[PDB]
Amino acid sequence: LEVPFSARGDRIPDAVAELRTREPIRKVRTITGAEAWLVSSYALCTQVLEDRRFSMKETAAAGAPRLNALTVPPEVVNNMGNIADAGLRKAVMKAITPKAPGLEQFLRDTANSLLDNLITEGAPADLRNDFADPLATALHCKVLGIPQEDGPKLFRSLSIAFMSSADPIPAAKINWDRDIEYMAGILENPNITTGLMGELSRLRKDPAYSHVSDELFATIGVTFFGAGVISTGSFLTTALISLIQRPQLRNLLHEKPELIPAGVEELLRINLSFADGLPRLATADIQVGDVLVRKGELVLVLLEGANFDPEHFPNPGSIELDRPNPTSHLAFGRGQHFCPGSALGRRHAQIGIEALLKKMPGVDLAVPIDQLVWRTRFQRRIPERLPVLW
Ligand code: HEM
Ligand SMILES: Nc1cccc(-c2cc(-c3c(-c4ccc(O)cc4)n[nH]c3N)ccc2O)c1
Ligand SMILES: Nc1cccc(-c2cc(-c3c(-c4ccc(O)cc4)n[nH]c3N)ccc2O)c1
């Protein structure tokens, strides 16, 4: 049994439910040919993510079994850990909340501006390349304090940076080195005084951060831009497809926009944007279900396994806005490495959806759904284009 099962992100394979039933932890083979334990039940997914003995940091260890080839320097795997040790965690998290003044208004204006141009241009429109991704890019430029016109350049690295490859990718290092050099220049730029890079540039000259390397400062910039843009852009794209497939829900959210956060939360739960399970390495012998995971073995946490688990989410395929456990999904992960951009991710989706439902209430696919081209061997499930009419 080889993972991943399908690059299609518009429907979950029937095999996932069967697997969760029969073998909630199963030996699979990754694209690199390595063994791994695939966990697909909510209970066991939660257990793994809340046990730090299943380590993220150690997934980059030498000779360790691999989900896929590294496309970043080995130390980037422990990036949030290095941020914490350098005493920068509070500052970073503050810089990436949607609660920043003028941020939500910027998202709203940007989303409306993008949609107005699509309408002016006329159907069909590509909701990924000309809405979801540009909105994600524009947002993270604003969050970092870097020029808007620098966005598309940094975005270009992402079709390679987030590949899920069996072998090392020569272009990944080339792009990484280039983007690092860009962020280093930003730190030296006196004009950059706002956002994440503005604050980092400030802390860089502060005595209490004298021994925090310039490497880490630039790395934070590159990492948060790439991870944030790819995650919010891809999720919003696949969420829009979920809405298109659900006219009844669309109208309801259109009619009662206060329900949109609860809707986005359900869209998060059923979202299939993650193409691979979350990788962890066992730093000890740990019992997981019917399996004793040995030290040094690779464990993959299948997010849709847990999120479509009927034992935790009854009628998992249905979007229900009144669930008693609405945010208990694992779309933002769980435990030590819970997504620091979760609130920003929610707000990006909510504002993008609200604007679209206002501007395009009759939005629908301009092509048969099977005509969507799903990107292969990639860390996200996305259609190359999302053609719509309205
Ligand atoms: C819909 C949007 C997003 C989704 C679904 C998402 C999903 C996730 C998930 C599942 C994890 C856990 C990874 C693991 O445990 O191995 C994670 C971690 C992380 N996310 Fe997000 N994310 C989103 C947006 C963002 C944004 C906007 C940012 C930054 C601006 C961001 C930055 C990070 C970072 C730095 C980590 C690593 C945390 C750690 O290692 O402790 N993400 N994200
Ligand atoms: N595969 C890949 C993808 C993306 C980035 C990088 C990358 C890694 C390093 C690095 C090395 C390193 C540098 C060159 C080399 O021949 C072997 C190891 N040792 N320690 C660190 N941090 C430095 C800059 C880079 O751009 C590599
Ligand atoms: N939102 C979210 C959810 C889950 C993982 C992450 C995440 C992913 C990477 C990463 C990259 C990567 C990231 C940024 C970049 O400019 C180039 C390459 N390539 N391959 C991987 N794994 C690095 C740090 C991260 O925090 C982010």
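Working note: Cα atoms of the chain, range along each principal axis, descending, whole Å: 58, 55, 39. Dipole magnitude for the chain: about 360 debye, using +1 per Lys or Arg Cβ and -1 per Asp or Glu Cβ, origin at the Cα centre.
Springs join every pair of Cα atoms under 10 Å in this Gaussian network model of the chain, and among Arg26, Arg178, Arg346 the largest mean-square fluctuation is at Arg178.
Determine the shape class of the stretch 324-377: with a ≥ b ≥ c the square roots of the Cα gyration tensor eigenvalues, call it rounded for a/c under 1.5, and otherwise prolate if a/b is greater than b/c, oblate otherwise.
Oblate, because a/c is 1.5 or more while a/b does not exceed b/c.
Extension gain for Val373 to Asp85 (0.36 nm times residue separation, less C-alpha to C-alpha distance): 99.4 nm. Calculated FRET efficiency, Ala100 to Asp167, Cβ-Cβ distance, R0 = 35 Å: about 0.30 to the nearest 0.05.
Considering only the other residues whose Cβ falls under 12 Å of the Cβ of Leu1, what net charge follows from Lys and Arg at +1 and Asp and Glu at -1?
0
For the stretch 96-107, backbone phi angles converted through the Karplus equation (6.51, -1.76, 1.60; θ = phi - 60°) give residue-by-residue couplings of 10, 7, x, 6, 4, x, x, 6, 5, 5, 5, 5 Hz, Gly and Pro being listed as x. Each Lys and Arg adds +1 at its Cβ and each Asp and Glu adds -1 at its Cβ; summed about the Cα centre, the stretch 209-357 shows a dipole of about 140 debye.
Name the most mobile residue of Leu259, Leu158, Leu272, meaning the one with the largest mean-square fluctuation, in a Gaussian network model of the chain with Cα contacts below 10 Å. Maximum fluctuation in the GNM of the chain, among the listed residues, is at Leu259. Figure legend: label point modelled 7 angstrom from the Cα of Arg53 along Cα→Cβ; residues of the stretch 271-300 with amide N under 14 Å from it are 281-289, 291-297. Annotation: extensible slack from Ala284 through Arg385 equals 32.0 nm (criterion: 0.36 nm per residue apart, minus Cα-Cα distance). Result for the chain in a Gaussian network model with C-alpha springs under 10 Å: among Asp179, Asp214, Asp14, the largest mean-square fluctuation is at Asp14.
Peptide packing: for 45-58, 244-257, the average count of neighbouring Cβ atoms within 10 Å per residue gives the ranking 45-58, 244-257, highest mean first. Computed extension length for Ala69-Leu321: 86.8 nm, one decimal, from 0.36 nm per residue of separation with the Cα-Cα distance subtracted. For the chain, the 222 nm mean residue ellipticity estimated from helices alone, with every DSSP H stretch of n ≥ 4 adding -39500 (n - 2.57) and the total spread over all residues, rounds to -13500 deg cm²/dmol. With a Förster radius of 25 Å applied to the C-beta separation of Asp364 and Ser342, the computed FRET efficiency comes to 0.25.
Here the mean projected area of the convex hull built on the C-alpha positions of the stretch 122-199 is 6.7 nm².
Relative contact order of the chain: 29 percent, from C-alpha pairs under 8 Å at least 6 residues apart in sequence. With a Förster radius of 25 Å applied to the C-beta separation of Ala62 and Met93, the computed FRET efficiency comes to 0.20. Taking the alpha carbon gyration tensor of the stretch 267-327, multiplying each eigenvalue by 5 and rooting it gives semi-axes of 28, 13, 8 Å, largest first.
Read the figures in this text as sums done on the coordinates, not as results from a lab. In this analysis, Cβ positions are derived from the backbone assuming ideal geometry, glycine residues included, and neighbour counts consider all displayed protein chains.
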